[PDB]
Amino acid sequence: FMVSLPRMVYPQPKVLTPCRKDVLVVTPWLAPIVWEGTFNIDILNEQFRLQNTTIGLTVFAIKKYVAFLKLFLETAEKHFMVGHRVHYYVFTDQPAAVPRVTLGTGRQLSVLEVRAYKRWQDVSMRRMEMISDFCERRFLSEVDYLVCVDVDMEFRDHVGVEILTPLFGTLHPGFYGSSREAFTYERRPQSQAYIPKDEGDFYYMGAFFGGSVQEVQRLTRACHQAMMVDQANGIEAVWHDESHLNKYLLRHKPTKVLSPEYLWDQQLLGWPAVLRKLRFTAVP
């Protein structure tokens, strides 16, 4: 049950003026594409706080990548869901190497040790398997939404409840202006991740997806199962779990799509006019 919003004073939305005219802000299946200027964060914060929303953030930091945790977590504290309840789940092979990061009130961190796996096949499948096969009951009990991101990143600007929805993917920064035939989908019909040249909405990046716990578990389960089939058939998708994520999101449309504000590499791609903010960026 959702209680009434309080009285709020904010600028009136005007029907005969778009928020953005330079970009697509809704997909053909009526999912918002989230760009700066499309949302009033005050309204959204109210809506999500009134539900006492808890967001889980999963991040894998394996081998040398543990070195990225400090900046990842410190910047998440500055920019990720501030004001809301947040539970970080750090999956790592080196629990002792996790930095001691000071957290704001209402935010917690759990260190989850993984796992075994001395063959690259299981490593490739590790993340999808971990989210769907091992942490299933815990996530359902502890958080409302799950967000799955890469560690070799930093937050530079607001990443907040505007992204929350049953299921979201993020436009890959390298390909948002590309035609579908150019997308690096898996193109071999022998792979479960196969997408023909005449199919595809967007190319989504494996580095930032999420949704409700239930929808994320469905996605990660399906991707893990598809990857197991490929392994049995002696094939590895061109971009690993990202290829499978793309197949899943073609066949199960996301209910929001994040713009490349949410996943950017400034060293590689600069700062285009279409990006008013660079929110979450690759570490050079």
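Numbers follow the displayed sequence, beginning with 1.
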*Between 9 to 17 and 269 to 277, point out the one with the higher average CA B-factor as the PDB entry records it.*
9 to 17
*Give the stretch, out of 213 to 221 and 227 to 235, with the larger mean C-alpha temperature factor in the deposited entry.*
227 to 235
_Member of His172, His84, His158, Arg119 with the greatest C-alpha B factor (per the PDB record)_ = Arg119
*Quick one: which of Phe168, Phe91, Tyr88, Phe139 has the biggest Cα B-factor according to the entry?*
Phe139
*asked:* Sorting by Cα B-factor within the chain, modelled residues only, which third would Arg127 end up in: lowest, middle or highest?
replied: highest
*Sorting the chain's CA B-factors, does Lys78 end up in the lowest, middle or highest third?*
middle
_Chain thirds of CA B-factor: placement of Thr53_ = middle
*Compare the C-alpha B factor of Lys70 with those of the other modelled residues in its chain, then answer lowest, middle or highest third.*
middle
*Select lowest, middle or highest to describe the third in which the CA B-factor of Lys64 falls within its chain in this entry.*
highest
